[PDB]
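Counting in the deposited numbering, the sequence shown runs from 1 upward without gaps. Below is one structure, written out as structure tokens; comments come after it.
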Amino acid sequence: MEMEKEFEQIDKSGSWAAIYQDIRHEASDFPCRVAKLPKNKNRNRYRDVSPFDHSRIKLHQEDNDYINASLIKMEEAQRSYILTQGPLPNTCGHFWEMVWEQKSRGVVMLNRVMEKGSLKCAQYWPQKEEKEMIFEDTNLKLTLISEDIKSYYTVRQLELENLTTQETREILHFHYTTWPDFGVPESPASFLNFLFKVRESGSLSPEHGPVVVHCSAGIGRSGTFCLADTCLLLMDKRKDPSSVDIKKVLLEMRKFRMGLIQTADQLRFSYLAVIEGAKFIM
Ligand SMILES: CCc1oc2cc(S(=O)(=O)Nc3ccc(S(N)(=O)=O)cc3)ccc2c1C(=O)c1cc(Br)c(O)c(Br)c1
Ligand SMILES: [Mg+2]
Numbered sequence: 001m002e003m004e005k006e007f008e009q010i011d012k013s014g015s016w017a018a019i020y021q022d023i024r025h026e027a028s029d030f031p032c033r034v035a036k037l038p039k040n041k042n043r044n045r046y047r048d049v050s051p052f053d054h055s056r057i058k059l060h061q062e063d064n065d066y067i068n069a070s071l072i073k074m075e076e077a078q079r080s081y082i083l084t085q086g087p088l089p090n091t092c093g094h095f096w097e098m099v100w101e102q103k104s105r106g107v108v109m110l111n112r113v114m115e116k117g118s119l120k121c122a123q124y125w126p127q128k129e130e131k132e133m134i135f136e137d138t139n140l141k142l143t144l145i146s147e148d149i150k151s152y153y154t155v156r157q158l159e160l161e162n163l164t165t166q167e168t169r170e171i172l173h174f175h176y177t178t179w180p181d182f183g184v185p186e187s188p189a190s191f192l193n194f195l196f197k198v199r200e201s202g203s204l205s206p207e208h209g210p211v212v213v214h215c216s217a218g219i220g221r222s223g224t225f226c227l228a229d230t231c232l233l234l235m236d237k238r239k240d241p242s243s244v245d246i247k248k249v250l251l252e253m254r255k256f257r258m259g260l261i262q263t264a265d266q267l268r269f270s271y272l273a274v275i276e277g278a279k280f281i282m
């Protein structure tokens, strides 16, 4: 498998850091002027992780349509994803407004609320059925309908209600809970299983709005998820699957949101997931 051979060549030459730096250097650079406006200071989690202006998701509210989220539109693969930061104490309402307005079916969370002893995002969904959440600023109700805790992930059914119209929708929350505090998973086995569990649910499908993906910053683990998914989809679609170049796909995705894949380790892991995903397929 051509990409496997490249993988093995980089391993042997110990050139993961160099390949990764090359991607960093070639990556797109677009303005994030809205993200930097003084009034949006409290809507951003990380100073160095902002959505580009051209691909940012706009809230359908008048005056301050800003949320730290980007639409990644993969034309050839015919897949779209919304990558966003983990919600802040003051942006949970915005987060669900976006889910509502973008017509998303699924939310993909790749972090734990607390990792390395620090808070990585707000507790933005209800943990108990009888204790629903109301987001007064965006007039939305959120109810935990069911929860299925598995080994490497937890899937939740949530009901999102637009209080203005009393319209309701079912949202699936796919929560990968086993990404290690340091480095990356030893085997891509569980992450691929998880990705295919998300696929199974219809959350990535054309009949729904784009899936909403986040980790703490919405670029590292999040990038890995969308990158693996897109590469595998392209391998199924093309007459020549060996033509799928992960570096090129990653560079295309970076036209839509900065920093996707934060480390050389994450790049290596992304190759691994794509290689093993293809081998399983087979
Ligand atoms: C393609 C998705 C996928 O890729 C995987 C890769 C591994 S692996 O890392 O352990 N590698 C691997 C395992 C087994 C084979 S096999 N059975 O072909 O010899 C090949 C490769 C494990 C599990 C999976 C795995 C799945 O769990 C999975 C889950 C669901 Br739901 C699916 O519908 C599919 Br198809 C696959
Ligand atoms: Mg209970």
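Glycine included, each C-beta is placed from N, C-alpha and C at the ideal position.
Span of the alpha helix (DSSP H), counted from its first residue to its last, around residue i
i	result
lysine 279	264-281
residue 289	Residue 289 cannot be examined here, being either before or after the span of the chain that is shown, 1 to 282.
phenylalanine 225	220-237
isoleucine 19	16-26
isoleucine 10	2-13
residue 283	This structure does not reach residue 283, given that the chain is present from 1 up to 282, and the question cannot be answered.
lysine 36	33-36
Distance between beta carbons of residue j and residue i, contact taken as under 8 Å
i	j	result
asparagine 68	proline 51	6 Å
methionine 282	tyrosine 176	That belief does not hold up - the Cβ atoms of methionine 282 and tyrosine 176 are roughly 24 Å apart, past 8 Å.
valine 249	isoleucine 171	That belief does not hold up - the Cβ atoms of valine 249 and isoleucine 171 are roughly 28 Å apart, past 8 Å.
Extent of the continuous beta strand (DSSP E) run through residue i
i	result
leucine 88	Here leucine 88 belongs to no beta strand (DSSP E), and DSSP marks it neither H nor E.
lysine 58	56-58
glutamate 186	First-last for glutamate 186: undefined, no H or E at that position.
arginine 169	167-176
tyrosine 124	Careful: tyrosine 124 lies outside any beta strand (DSSP E) and carries neither H nor E.
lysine 73	66-74
residue 286	Residue 286 falls outside the range modelled here, since the chain spans only 1 to 282, and no answer is possible.
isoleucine 261	Counting along the chain, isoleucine 261 falls outside any beta strand (DSSP E), and DSSP gives it neither H nor E.
Residues sharing a beta bridge with residue i, DSSP
i	result
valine 211	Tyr81
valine 249	Paired residue(s): none; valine 249 is not in a bridge.
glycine 106	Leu172
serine 118	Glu115
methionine 98	Partner(s): none; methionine 98 has no beta bridge.
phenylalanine 135	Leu140
Close beta carbons around residue i, own chain, < 7 Å, minus the five adjacent residues each side
i	result
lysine 247	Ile23
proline 126	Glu132, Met133, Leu142, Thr143, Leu144
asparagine 44	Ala35, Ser50, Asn68
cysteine 92	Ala122, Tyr124, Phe135
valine 184	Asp265, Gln266, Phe269
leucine 195	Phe225, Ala228, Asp229
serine 190	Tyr152, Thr178
Cβ-based neighbour list, residue i, same chain, cut-off 6 Å, excluding 5 preceding and 5 following
i	result
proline 206	none
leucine 234	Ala77, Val244
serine 55	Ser70, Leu71, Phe256
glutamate 161	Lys141, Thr168
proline 87	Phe95, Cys121, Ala122, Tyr124
Cβ neighbours of residue i in the same chain (closer than 8 Å, five flanking residues each side left out)
i	result
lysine 128	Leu144
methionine 1	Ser242, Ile275, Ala278, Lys279
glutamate 26	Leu251
* Quick check: the stretch 103-117 against the stretch 135-145, are there 3 or more CB pairs under 8 Å? -> Between the stretch 103-117 and the stretch 135-145, the count of C-beta pairs closer than 8 Å stays below three; the two stretches do not touch.
* Asked: For the stretch 262-269 against the stretch 215-229, are there 3 or more C-beta pairs whose distance is under 8 Å?
  -> Short answer: they touch.
* Segment contact, 8 Å Cβ cut-off, at least three pairs: the stretch 250-257 with the stretch 13-22 -> These segments do not touch.
* Can we say the stretch 227-241 touches the stretch 270-278, given the rule of at least three CB pairs closer than 8 Å? -> The stretch 227-241 makes contact with the stretch 270-278, as at least three CB pairs between them are under 8 Å.
* Asked: Pairing CB atoms from the stretch 176-190 with CB atoms from the stretch 149-165, are three or more of them under 8 Å?
  -> Yes, they touch.
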